[PDB]
Amino acid sequence: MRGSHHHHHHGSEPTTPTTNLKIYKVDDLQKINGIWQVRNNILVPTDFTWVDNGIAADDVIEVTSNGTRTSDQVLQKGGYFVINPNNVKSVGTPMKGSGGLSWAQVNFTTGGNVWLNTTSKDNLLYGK
């Protein structure tokens, strides 16, 4: 209503950043909560709370071994991926449960809440 009208477009000429979102490991992804969910042996040795600790793959973007973002467009487990940071709202507070480590609530685009073994901040961002 009040000053709520404002349209803007992005840029088609992105420079060379220094914080490239390193690869993830698609160790196991299932149709979870009506949304494809992802797991990696690093952040998900096993037992990714499909509930919310599982990554709604839709929220992320599968990259190729070289780190190529959105190569196929359709996520698939058994490889690697990259969580679209732009689809990312933020990286939330961690919680110990999926095994014993630290799994943090990251706020993604579609799945909203998406947990990941947060035993590394560069984990989500980079996959550490």
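Residues numbered from 1 in each chain as written, not as in the entry; some residues may be left out. Heavy atoms only, no water.

- The record lists solution NMR as the method behind this PDB entry.

Some remarks on the overall build of the protein chain
Here's step 1: Looking only at helices and strands, one finds one helix and six strands in the protein chain.
Here's step 2: A compact globule built from 128 residues would reach a C-alpha radius of gyration of about 14 Å, and the protein chain, at 15 Å, matches this within 12%.
Here's step 3: On the principal axes, the C-alpha backbone points of the protein chain span a range of 45 × 35 × 25 Å.
Here's step 4: Scored against the burial criterion, the 128 residues of the protein chain give a buried share of 34%.
Here's step 5: Sequence-distant contacts, at least 24 apart, represent 40% of the contacts inside the protein chain between residues at least 6 apart. (Helix = DSSP H or I, 4+ residues; strand = E, 2+ residues; numbered from the N terminus. Rg over C-alpha atoms; globule rule 2.2 N^0.38 Å. Buried < 20%, exposed > 50% of the residue type's maximum accessible area, 1.4 Å probe, protein only. Contact = heavy atoms within 4.5 Å.)

Notes on the nonpolar core
Here's step 1: Among the nonpolar cores identified, the biggest contains 19 residues, and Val 38, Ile 55, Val 60 and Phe 81 are the most heavily contacted of them.
Here's step 2: Elements with a minimum of two residues in this core: β5 (103–108) and β6 (112–117).
Here's step 3: Per-element tally for this core: the top contributor is β5, with three residues.
Here's step 4: Ignoring anything within four residues of it in the chain, the contact list for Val 60 reads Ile 55, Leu 75, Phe 81, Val 82, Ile 83, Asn 84 and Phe 108.
Here's step 5: Counting residues in each nonpolar core, the second largest holds five residues, with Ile 23, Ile 61, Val 63 and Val 82 among its members. (Core = buried A, V, L, I, M, F, W, Y, C linked by side-chain atoms within 4.5 Å.)

Regarding the sheet that holds strand β4 (residues 88–95)
Here's step 1: Taken together, three strands build an open sheet; the order of strands is β4-β5-β6 and the sheet is antiparallel. If you trace the sheet from one side to the other, it starts and ends with β4 and β6, each paired once. Each neighbouring strand pair of the sheet contributes to a mean axis angle of 25 degrees, computed without reference to strand direction.
Here's step 2: Where β5 lies against β6, six bridges are found, and the strand directions are antiparallel. Bridge assignment links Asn 107 to a residue of β6, and that residue is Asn 113. (Pairing = 2+ DSSP bridges. Axes fitted to C-alpha atoms, helices over the stretch in contact; angles between N-to-C directions.)

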